[PDB]
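Everything below belongs to run_13.txt, which stores compact mmCIF, C-alpha atoms.
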```txt
# COMPACT_ATOMS: atom_id res chain seq x y z
CA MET F 1 -14.02 19.63 0.81
CA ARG F 2 -15.13 20.78 -2.65
CA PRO F 3 -13.62 19.20 -5.78
CA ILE F 4 -10.37 20.90 -6.79
CA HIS F 5 -9.76 20.66 -10.53
CA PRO F 6 -6.05 20.18 -11.33
CA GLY F 7 -6.25 23.30 -13.50
CA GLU F 8 -6.81 25.30 -10.32
CA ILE F 9 -3.54 24.03 -8.87
CA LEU F 10 -1.76 24.44 -12.20
CA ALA F 11 -2.90 28.07 -12.35
CA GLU F 12 -1.51 28.76 -8.87
CA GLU F 13 1.83 27.26 -9.89
CA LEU F 14 2.03 29.32 -13.08
CA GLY F 15 1.29 32.47 -11.09
CA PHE F 16 4.23 31.78 -8.78
CA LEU F 17 6.59 31.29 -11.73
CA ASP F 18 6.70 34.96 -12.77
CA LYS F 19 3.03 34.99 -13.81
CA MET F 20 3.54 32.46 -16.61
CA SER F 21 0.84 32.61 -19.29
CA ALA F 22 -1.06 29.75 -20.92
CA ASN F 23 0.86 30.36 -24.15
CA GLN F 24 4.21 30.25 -22.35
CA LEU F 25 3.38 26.93 -20.69
CA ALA F 26 2.00 25.49 -23.94
CA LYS F 27 5.29 26.27 -25.69
CA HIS F 28 7.29 24.77 -22.82
CA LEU F 29 5.19 21.59 -22.90
CA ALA F 30 4.93 21.53 -26.70
CA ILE F 31 1.13 21.29 -26.69
CA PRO F 32 -1.66 23.44 -28.17
CA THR F 33 -2.45 26.55 -26.13
CA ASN F 34 -6.06 25.38 -26.32
CA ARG F 35 -5.19 22.29 -24.28
CA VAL F 36 -3.56 24.34 -21.52
CA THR F 37 -6.43 26.84 -21.47
CA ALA F 38 -9.00 24.05 -21.30
CA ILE F 39 -7.22 22.47 -18.33
CA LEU F 40 -6.90 25.83 -16.58
CA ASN F 41 -10.63 26.44 -17.04
CA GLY F 42 -11.52 22.97 -15.77
CA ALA F 43 -12.96 22.00 -19.14
CA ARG F 44 -10.53 19.15 -19.77
CA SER F 45 -8.75 16.49 -17.74
CA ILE F 46 -5.05 15.78 -17.27
CA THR F 47 -4.19 12.78 -19.43
CA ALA F 48 -1.14 10.56 -18.92
CA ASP F 49 0.61 12.35 -21.78
CA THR F 50 0.02 15.76 -20.20
CA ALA F 51 1.08 14.43 -16.80
CA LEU F 52 4.41 13.27 -18.25
CA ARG F 53 5.00 16.67 -19.84
CA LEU F 54 4.08 18.56 -16.67
CA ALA F 55 6.33 16.24 -14.66
CA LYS F 56 9.31 16.94 -16.94
CA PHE F 57 8.70 20.70 -16.92
CA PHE F 58 7.92 21.23 -13.23
CA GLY F 59 10.32 18.53 -12.06
CA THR F 60 7.60 16.49 -10.38
CA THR F 61 6.30 12.97 -10.89
CA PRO F 62 3.56 12.21 -13.41
CA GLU F 63 1.79 10.39 -10.56
CA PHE F 64 1.38 13.70 -8.73
CA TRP F 65 -0.67 15.22 -11.55
CA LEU F 66 -2.79 12.13 -12.23
CA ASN F 67 -3.57 11.81 -8.52
CA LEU F 68 -4.84 15.39 -8.56
CA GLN F 69 -7.18 14.40 -11.38
CA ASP F 70 -8.22 11.26 -9.50
CA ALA F 71 -9.05 13.24 -6.36
CA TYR F 72 -11.20 15.59 -8.43
CA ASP F 73 -12.88 12.77 -10.36
CA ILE F 74 -13.70 10.89 -7.15
CA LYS F 75 -15.30 13.92 -5.49
CA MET F 76 -17.29 14.71 -8.64
CA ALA F 77 -18.41 11.08 -8.83
CA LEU F 78 -19.47 11.16 -5.17
CA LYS F 79 -21.57 14.28 -5.75
CA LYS F 80 -23.22 12.76 -8.81
CA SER F 81 -23.74 9.17 -7.67
CA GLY F 82 -22.42 8.79 -4.12
CA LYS F 83 -25.80 8.08 -2.52
CA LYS F 84 -27.01 5.79 -5.31
CA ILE F 85 -23.81 3.74 -5.08
CA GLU F 86 -24.33 3.29 -1.33
CA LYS F 87 -27.80 1.88 -1.98
CA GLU F 88 -26.94 -0.12 -5.10
CA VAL F 89 -23.54 -1.72 -4.54
CA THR F 90 -23.35 -4.92 -2.51
CA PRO F 91 -20.75 -4.59 0.24
CA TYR F 92 -19.03 -7.97 -0.11
CA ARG D 1 5.64 -4.29 -16.88
CA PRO D 2 2.27 -2.72 -17.78
CA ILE D 3 -0.45 -4.35 -15.70
CA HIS D 4 -4.01 -3.34 -16.56
CA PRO D 5 -6.29 -3.07 -13.49
CA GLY D 6 -8.65 -5.50 -15.22
CA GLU D 7 -6.01 -8.21 -14.83
CA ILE D 8 -5.99 -7.72 -11.05
CA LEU D 9 -9.79 -7.60 -10.97
CA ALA D 10 -9.92 -10.91 -12.85
CA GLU D 11 -7.53 -12.57 -10.39
CA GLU D 12 -9.64 -11.43 -7.43
CA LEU D 13 -12.85 -12.61 -9.11
CA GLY D 14 -11.43 -16.13 -9.34
CA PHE D 15 -11.63 -16.45 -5.55
CA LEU D 16 -15.32 -15.53 -5.31
CA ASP D 17 -16.61 -18.97 -6.31
CA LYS D 18 -15.46 -18.24 -9.87
CA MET D 19 -17.71 -15.22 -10.30
CA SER D 20 -18.61 -14.31 -13.87
CA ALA D 21 -18.45 -10.82 -15.37
CA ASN D 22 -22.25 -10.77 -15.57
CA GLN D 23 -22.57 -11.63 -11.87
CA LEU D 24 -20.07 -8.94 -10.89
CA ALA D 25 -21.84 -6.44 -13.15
CA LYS D 26 -25.01 -7.12 -11.17
CA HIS D 27 -23.28 -6.56 -7.83
CA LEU D 28 -21.74 -3.29 -9.02
CA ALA D 29 -24.98 -2.27 -10.73
CA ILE D 30 -23.31 -1.48 -14.06
CA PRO D 31 -23.60 -2.95 -17.59
CA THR D 32 -21.95 -6.35 -18.13
CA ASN D 33 -20.27 -4.93 -21.23
CA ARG D 34 -18.38 -2.43 -19.07
CA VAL D 35 -17.09 -5.12 -16.72
CA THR D 36 -16.06 -7.38 -19.61
CA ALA D 37 -14.24 -4.52 -21.33
CA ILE D 38 -12.36 -3.73 -18.12
CA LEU D 39 -11.45 -7.38 -17.54
CA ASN D 40 -10.16 -7.56 -21.12
CA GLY D 41 -8.16 -4.36 -20.62
CA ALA D 42 -10.07 -2.61 -23.39
CA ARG D 43 -11.56 0.06 -21.13
CA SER D 44 -10.23 2.24 -18.32
CA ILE D 45 -11.52 2.38 -14.75
CA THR D 46 -13.31 5.66 -14.04
CA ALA D 47 -13.84 7.20 -10.61
CA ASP D 48 -17.43 5.93 -10.70
CA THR D 49 -16.22 2.38 -11.33
CA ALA D 50 -13.46 2.74 -8.73
CA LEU D 51 -16.02 3.72 -6.09
CA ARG D 52 -18.15 0.65 -6.82
CA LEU D 53 -15.12 -1.65 -6.74
CA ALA D 54 -14.01 -0.04 -3.48
CA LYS D 55 -17.43 -0.67 -1.93
CA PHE D 56 -17.63 -4.22 -3.27
CA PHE D 57 -14.07 -5.36 -2.51
CA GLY D 58 -13.63 -3.32 0.66
CA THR D 59 -10.82 -1.12 -0.63
CA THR D 60 -10.33 2.57 -1.35
CA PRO D 61 -11.26 4.00 -4.76
CA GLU D 62 -7.71 5.36 -5.04
CA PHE D 63 -6.29 1.84 -4.92
CA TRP D 64 -7.90 1.07 -8.28
CA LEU D 65 -7.37 4.46 -9.93
CA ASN D 66 -3.69 4.20 -8.98
CA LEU D 67 -3.41 0.94 -10.92
CA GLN D 68 -5.10 2.60 -13.90
CA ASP D 69 -2.72 5.56 -13.68
CA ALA D 70 0.34 3.30 -13.53
CA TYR D 71 -0.89 1.49 -16.63
CA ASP D 72 -1.72 4.75 -18.42
CA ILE D 73 1.72 6.16 -17.65
CA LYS D 74 3.59 3.13 -19.00
CA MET D 75 1.47 3.08 -22.18
CA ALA D 76 2.09 6.82 -22.66
CA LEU D 77 5.82 6.31 -22.15
CA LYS D 78 5.81 3.49 -24.69
CA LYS D 79 3.96 5.67 -27.20
CA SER D 80 5.51 9.10 -26.65
CA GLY D 81 8.25 8.73 -24.03
CA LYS D 82 11.23 9.57 -26.23
CA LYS D 83 9.26 12.36 -27.92
CA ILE D 84 8.39 14.03 -24.61
CA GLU D 85 11.96 13.78 -23.31
CA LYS D 86 13.18 15.64 -26.39
CA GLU D 87 10.44 18.27 -26.70
CA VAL D 88 9.94 19.39 -23.10
CA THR D 89 12.25 21.93 -21.46
CA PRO D 90 12.61 21.53 -17.69
CA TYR D 91 11.87 24.91 -16.09
CA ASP D 92 15.16 24.70 -14.19
CA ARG Y 1 0.30 -14.19 -16.61
CA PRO Y 2 1.86 -14.71 -13.16
CA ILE Y 3 1.74 -11.44 -11.24
CA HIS Y 4 3.53 -11.43 -7.89
CA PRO Y 5 1.72 -9.35 -5.22
CA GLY Y 6 4.97 -7.43 -4.75
CA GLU Y 7 4.54 -6.00 -8.24
CA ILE Y 8 1.16 -4.54 -7.28
CA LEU Y 9 2.55 -3.27 -3.98
CA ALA Y 10 5.35 -1.51 -5.86
CA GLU Y 11 2.89 0.19 -8.22
CA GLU Y 12 0.82 1.47 -5.29
CA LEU Y 13 3.92 2.71 -3.47
CA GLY Y 14 4.78 4.91 -6.44
CA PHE Y 15 1.76 7.09 -5.69
CA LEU Y 16 2.69 7.76 -2.06
CA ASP Y 17 5.25 10.47 -2.84
CA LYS Y 18 7.56 7.74 -4.16
CA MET Y 19 7.77 5.90 -0.85
CA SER Y 20 10.85 3.74 -0.34
CA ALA Y 21 10.84 0.16 0.94
CA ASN Y 22 12.50 1.35 4.15
CA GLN Y 23 9.79 3.95 4.73
CA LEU Y 24 7.02 1.42 4.12
CA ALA Y 25 8.77 -1.07 6.40
CA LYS Y 26 8.59 1.55 9.15
CA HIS Y 27 4.86 2.13 8.61
CA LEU Y 28 4.13 -1.60 8.67
CA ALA Y 29 6.51 -2.13 11.59
CA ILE Y 30 8.40 -4.97 9.90
CA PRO Y 31 12.02 -5.42 8.74
CA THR Y 32 13.02 -3.55 5.57
CA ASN Y 33 14.49 -6.79 4.23
CA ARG Y 34 11.04 -8.38 4.27
CA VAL Y 35 9.47 -5.53 2.31
CA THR Y 36 12.30 -5.50 -0.23
CA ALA Y 37 12.04 -9.27 -0.71
CA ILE Y 38 8.29 -8.97 -1.29
CA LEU Y 39 8.72 -6.09 -3.74
CA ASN Y 40 11.30 -8.15 -5.63
CA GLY Y 41 8.97 -11.16 -5.66
CA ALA Y 42 11.47 -13.25 -3.72
CA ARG Y 43 9.22 -13.75 -0.70
CA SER Y 44 5.54 -14.59 -0.21
CA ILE Y 45 2.97 -12.50 1.65
CA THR Y 46 1.94 -14.15 4.91
CA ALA Y 47 -1.31 -13.51 6.79
CA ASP Y 48 0.63 -11.30 9.20
CA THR Y 49 1.93 -9.19 6.31
CA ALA Y 50 -1.50 -9.16 4.65
CA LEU Y 51 -3.07 -7.76 7.82
CA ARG Y 52 -0.54 -4.92 7.98
CA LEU Y 53 -1.01 -4.10 4.29
CA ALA Y 54 -4.78 -4.18 4.78
CA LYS Y 55 -4.51 -1.72 7.68
CA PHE Y 56 -2.06 0.53 5.84
CA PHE Y 57 -3.72 0.57 2.41
CA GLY Y 58 -7.30 0.35 3.65
CA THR Y 59 -8.09 -3.03 2.09
CA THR Y 60 -8.95 -6.50 3.35
CA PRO Y 61 -6.19 -8.99 4.17
CA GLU Y 62 -7.83 -11.45 1.77
CA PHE Y 63 -7.26 -9.07 -1.14
CA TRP Y 64 -3.50 -9.54 -0.80
CA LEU Y 65 -3.50 -13.24 0.08
CA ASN Y 66 -5.67 -13.85 -2.98
CA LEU Y 67 -3.00 -12.29 -5.20
CA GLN Y 68 -0.37 -14.49 -3.54
CA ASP Y 69 -2.54 -17.58 -4.06
CA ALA Y 70 -3.09 -16.77 -7.74
CA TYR Y 71 0.67 -16.41 -8.19
CA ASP Y 72 1.38 -19.60 -6.23
CA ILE Y 73 -1.13 -21.55 -8.32
CA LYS Y 74 0.33 -20.44 -11.65
CA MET Y 75 3.89 -21.22 -10.50
CA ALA Y 76 2.75 -24.66 -9.28
CA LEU Y 77 1.01 -25.30 -12.60
CA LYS Y 78 4.16 -24.29 -14.47
CA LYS Y 79 6.26 -26.62 -12.32
CA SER Y 80 3.99 -29.63 -11.86
CA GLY Y 81 0.81 -29.00 -13.85
CA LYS Y 82 1.20 -31.80 -16.40
CA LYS Y 83 2.45 -34.16 -13.69
CA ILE Y 84 -0.60 -33.58 -11.48
CA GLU Y 85 -3.04 -33.97 -14.39
CA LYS Y 86 -1.54 -37.40 -15.11
CA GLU Y 87 -1.11 -38.70 -11.56
CA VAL Y 88 -4.37 -37.65 -9.88
CA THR Y 89 -7.55 -39.69 -10.28
CA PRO Y 90 -10.76 -37.64 -10.04
CA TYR Y 91 -13.00 -39.30 -7.44
CA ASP Y 92 -15.85 -39.35 -9.97
CA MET L 1 -15.26 -17.79 15.26
CA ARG L 2 -12.29 -20.02 16.09
CA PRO L 3 -9.68 -20.81 13.43
CA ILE L 4 -10.69 -23.80 11.29
CA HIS L 5 -7.67 -25.65 9.93
CA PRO L 6 -8.30 -26.95 6.39
CA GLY L 7 -7.47 -30.44 7.67
CA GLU L 8 -10.64 -30.28 9.74
CA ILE L 9 -12.72 -29.70 6.63
CA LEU L 10 -10.74 -32.28 4.66
CA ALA L 11 -11.43 -34.85 7.38
CA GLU L 12 -15.17 -34.18 7.22
CA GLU L 13 -15.11 -34.65 3.45
CA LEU L 14 -13.20 -37.93 3.67
CA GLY L 15 -15.70 -39.21 6.22
CA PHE L 16 -18.58 -38.55 3.84
CA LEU L 17 -16.84 -40.43 1.02
CA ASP L 18 -17.28 -43.91 2.52
CA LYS L 19 -14.95 -43.17 5.45
CA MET L 20 -11.89 -42.69 3.24
CA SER L 21 -8.59 -43.18 5.08
CA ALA L 22 -5.46 -41.03 4.97
CA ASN L 23 -3.69 -43.77 3.01
CA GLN L 24 -6.51 -43.97 0.46
CA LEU L 25 -6.43 -40.21 -0.14
CA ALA L 26 -2.63 -40.17 -0.31
CA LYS L 27 -2.72 -42.80 -3.06
CA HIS L 28 -5.43 -40.90 -4.93
CA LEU L 29 -3.42 -37.67 -4.73
CA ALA L 30 -0.07 -39.39 -5.27
CA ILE L 31 1.52 -37.86 -2.17
CA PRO L 32 3.13 -39.34 0.97
CA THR L 33 0.62 -40.55 3.56
CA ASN L 34 2.63 -38.45 6.02
CA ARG L 35 1.62 -35.28 4.16
CA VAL L 36 -2.08 -36.13 4.32
CA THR L 37 -1.86 -37.11 7.99
CA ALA L 38 -0.01 -33.90 8.84
CA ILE L 39 -2.68 -31.80 7.14
CA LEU L 40 -5.47 -33.74 8.86
CA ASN L 41 -3.82 -33.16 12.24
CA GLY L 42 -3.34 -29.45 11.54
CA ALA L 43 0.44 -29.83 11.63
CA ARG L 44 1.01 -28.71 8.05
CA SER L 45 -0.50 -26.21 5.62
CA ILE L 46 -2.12 -26.69 2.22
CA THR L 47 0.41 -25.65 -0.40
CA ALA L 48 -0.45 -24.69 -3.98
CA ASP L 49 0.66 -28.14 -5.14
CA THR L 50 -1.63 -29.88 -2.66
CA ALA L 51 -4.48 -27.52 -3.55
CA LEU L 52 -4.16 -28.46 -7.23
CA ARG L 53 -4.22 -32.16 -6.38
CA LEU L 54 -7.21 -31.80 -4.05
CA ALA L 55 -9.00 -29.75 -6.71
CA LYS L 56 -8.50 -32.46 -9.34
CA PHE L 57 -9.57 -35.24 -6.98
CA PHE L 58 -12.59 -33.59 -5.33
CA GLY L 59 -13.59 -31.69 -8.47
CA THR L 60 -13.24 -28.29 -6.83
CA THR L 61 -11.06 -25.27 -7.54
CA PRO L 62 -7.57 -24.95 -6.08
CA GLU L 63 -8.65 -21.49 -4.92
CA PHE L 64 -11.20 -23.09 -2.59
CA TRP L 65 -8.52 -24.97 -0.65
CA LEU L 66 -6.03 -22.09 -0.49
CA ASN L 67 -8.76 -19.75 0.74
CA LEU L 68 -9.47 -22.19 3.56
CA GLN L 69 -5.80 -21.97 4.51
CA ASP L 70 -5.89 -18.17 4.23
CA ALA L 71 -8.92 -17.93 6.51
CA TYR L 72 -7.12 -20.07 9.08
CA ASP L 73 -3.84 -18.17 8.75
CA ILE L 74 -5.59 -14.82 9.16
CA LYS L 75 -7.42 -15.87 12.32
CA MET L 76 -4.23 -17.34 13.78
CA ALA L 77 -2.36 -14.15 12.92
CA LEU L 78 -5.07 -12.06 14.58
CA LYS L 79 -4.84 -14.10 17.78
CA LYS L 80 -1.05 -13.81 17.83
CA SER L 81 -0.57 -10.20 16.74
CA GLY L 82 -3.97 -8.61 16.13
CA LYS L 83 -3.75 -6.08 18.96
CA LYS L 84 -0.10 -5.20 18.32
CA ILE L 85 -0.85 -4.56 14.64
CA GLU L 86 -3.67 -2.19 15.59
CA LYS L 87 -1.26 -0.17 17.73
CA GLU L 88 1.75 -0.40 15.40
CA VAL L 89 0.49 -0.03 11.85
CA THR L 90 -0.20 3.46 10.51
CA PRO L 91 -3.68 3.64 9.00
CA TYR L 92 -2.88 5.56 5.82
```
Target format structure tokens, applied to this file:
Amino acid sequence: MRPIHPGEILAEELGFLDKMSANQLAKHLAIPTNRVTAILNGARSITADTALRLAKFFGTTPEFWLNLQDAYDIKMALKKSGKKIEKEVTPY
Amino acid sequence: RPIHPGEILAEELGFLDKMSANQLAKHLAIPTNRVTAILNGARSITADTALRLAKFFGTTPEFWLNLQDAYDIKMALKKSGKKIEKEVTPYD
Amino acid sequence: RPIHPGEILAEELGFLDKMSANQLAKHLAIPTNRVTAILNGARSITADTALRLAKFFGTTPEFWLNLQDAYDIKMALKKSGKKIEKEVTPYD
Amino acid sequence: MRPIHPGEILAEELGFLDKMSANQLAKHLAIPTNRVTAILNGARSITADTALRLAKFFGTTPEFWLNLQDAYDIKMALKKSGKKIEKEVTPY
């Protein structure tokens, strides 16, 4: 399957919560609206700090959010270098 | 206890006829400086690195990224844990 | 720094929807008491356990036994390191 | 390949070193002759303490000797429970 940026999933969640805006979330998380918008647009990653804030707000684990980022990063890395890694890296 | 993934990598390397960072860097096809930085816990493991470690050590890429996440979370908690607990309003 | 393999196992478990020792014990088909002891660093990982972890986590069994060995070596050095250095004559 | 008990390899090494006896090695390592004999006969395992002593005497790493034990343990575990583990353990 295609890479799913965490911002995609975050957007879906916001929508379910009475169509919560980027500004609303930013205030709830106490972070710049720019940071939320960037994540929603897939222009920035979820850091550990953001994961902790999201976890506290949504009542999830921070691991959940970082694993979403990992999944996306892995798929992006596979698209960019997957084949080259198969040819380069010695299977021990 | 915050364990950097580089610490685990170092332990595993010790069982491969005491493999050096330079030798591992060759197997993974990445700069020696990147491997050394990771071993010293001065640099994080990216998805690209995780994929190469997975191929080399016969693991999943998630196994390594998970260790990085766990470390990142503990460092973030140490730095901003109390701040986040105070600033963030649980949606509930 | 002596890292018990149970510490690494615990970190990895945190990313599987916060899996409990009992749940993992079911997946590995071993007693919960054995998993708990390992997590608490009160019991060593045997080859049998290493094989089940390898299957479950998608790693090699050596990956886990290596971590156990590294821990065992450091504990042995702490306990008898100076004694061994004094008592043992290098063949050379 | 069949399981190779470390004692088998130890025996071969002793033979090369002017047909060194169990007693001779035991004195060199400062351990009971019984312990050496038991290892040679495949009746006892190489512990971390023994690995450290062997490493100092033969000029190897302790990891080398423990990895020999691991290899043997894994193959023995596969013979005893390999099939059952394949049927029991959930591949995650």
- Within 9 Å of residue 50 (chain L) using all atoms listed in the file, minus same-chain residues under 5 positions, as a PyMOL selection string: chain L and resi 29+31+55+62+65
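Candidate residues L:87, L:70, L:2, L:22 were compared for distance to chain Y, and the nearest is L:70, using all atoms listed in the file.
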Would you give me, as CSV, each residue of chain Y having an atom within 9 Å of an atom of chain D, along with its shortest atom pair and that distance in Å to one decimal, using all atoms listed in the file and sorting by chain and residue number?
```
residue,atom,partner,partner_atom,distance
Y:1,CA,D:7,CA,8.9
Y:3,CA,D:8,CA,8.6
Y:7,CA,D:1,CA,8.9
Y:8,CA,D:67,CA,8.0
Y:11,CA,D:70,CA,6.7
Y:12,CA,D:66,CA,6.4
Y:14,CA,D:70,CA,8.5
Y:15,CA,D:66,CA,7.0
Y:54,CA,D:59,CA,8.7
Y:57,CA,D:60,CA,7.9
Y:58,CA,D:59,CA,5.7
Y:59,CA,D:59,CA,4.3
Y:60,CA,D:58,CA,6.3
Y:63,CA,D:12,CA,7.1
Y:66,CA,D:12,CA,6.4
Y:67,CA,D:11,CA,6.9
Y:70,CA,D:11,CA,6.7
```
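Here CA of residue 76 (chain L) is placed at a distance of 8.5 Å from CA of residue 47 (chain Y).
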- Item | Distance query residue 26 (chain L) at most 12 Å, all atoms listed in the file, self and fewer than 2 positions along chain excluded, as a VMD selection string | (chain Y and resid 87 to 89) or (chain L and resid 14 20 to 24 28 to 40 50 53 to 54 57)
- Task: Return the Cα root-mean-square deviation, in Å, for chain D superposed on chain Y by least squares with the Cα atoms paired in order.
- Result: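 RMSD over all C-alpha atoms: 0.0 Å.
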Which residues of chain F come within 9 Å of chain Y, and what is each one's closest atom pair and distance in Å (one decimal), counting all atoms listed in the file, sorted by chain and residue number, as JSON lines?
```
{"residue": "F:61", "atom": "CA", "partner": "Y:17", "partner_atom": "CA", "distance": 8.5}
{"residue": "F:63", "atom": "CA", "partner": "Y:15", "partner_atom": "CA", "distance": 5.9}
{"residue": "F:64", "atom": "CA", "partner": "Y:15", "partner_atom": "CA", "distance": 7.3}
{"residue": "F:67", "atom": "CA", "partner": "Y:15", "partner_atom": "CA", "distance": 7.7}
```
With all atoms of region 9-25 of chain L from the file as input, state the centre and edge lengths in Å to one decimal of the axis-aligned box that has 5 Å extra on each side, as AutoDock Vina command-line options.
```
--center_x -11.1 --center_y -36.8 --center_z 3.6 --size_x 24.9 --size_y 24.3 --size_z 17.5
```
Pick out the residues sitting within 10 Å of residue 56 (chain D), and hand them over as a PDB file with C-alpha atoms, in the coordinates of the input; count all atoms listed in the file, and ignore anything fewer than 3 positions along from it in its own chain.
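out-v1.pdb was written with the following content:
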```
ATOM      1  CA  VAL F  89     -23.540  -1.720  -4.540  1.00  0.00           C
ATOM      2  CA  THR F  90     -23.350  -4.920  -2.510  1.00  0.00           C
ATOM      3  CA  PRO F  91     -20.750  -4.590   0.240  1.00  0.00           C
ATOM      4  CA  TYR F  92     -19.030  -7.970  -0.110  1.00  0.00           C
TER       5      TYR F  92
ATOM      6  CA  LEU D  24     -20.070  -8.940 -10.890  1.00  0.00           C
ATOM      7  CA  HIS D  27     -23.280  -6.560  -7.830  1.00  0.00           C
ATOM      8  CA  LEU D  28     -21.740  -3.290  -9.020  1.00  0.00           C
ATOM      9  CA  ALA D  50     -13.460   2.740  -8.730  1.00  0.00           C
ATOM     10  CA  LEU D  51     -16.020   3.720  -6.090  1.00  0.00           C
ATOM     11  CA  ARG D  52     -18.150   0.650  -6.820  1.00  0.00           C
ATOM     12  CA  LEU D  53     -15.120  -1.650  -6.740  1.00  0.00           C
ATOM     13  CA  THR D  59     -10.820  -1.120  -0.630  1.00  0.00           C
TER      14      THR D  59
END
```
- Message: Around the point (-3.5, 19.1, -15.1) (coordinates from the file), which residues reach within 9 Å if we count only C-alpha atoms? Answer as number ranges by chain.
- Response: F: 5-10, 36, 39-40, 42, 44-47, 50-51, 54, 65-66, 68-69
- Could you check how far CA of residue 6 (chain Y) sits from CA of residue 41 (chain Y), in Å to one decimal? 5.5 Å
- Task: Between CA of residue 30 (chain Y) and CA of residue 76 (chain Y), measure the distance and give it in Å to one decimal.
- Result: 28.1 Å
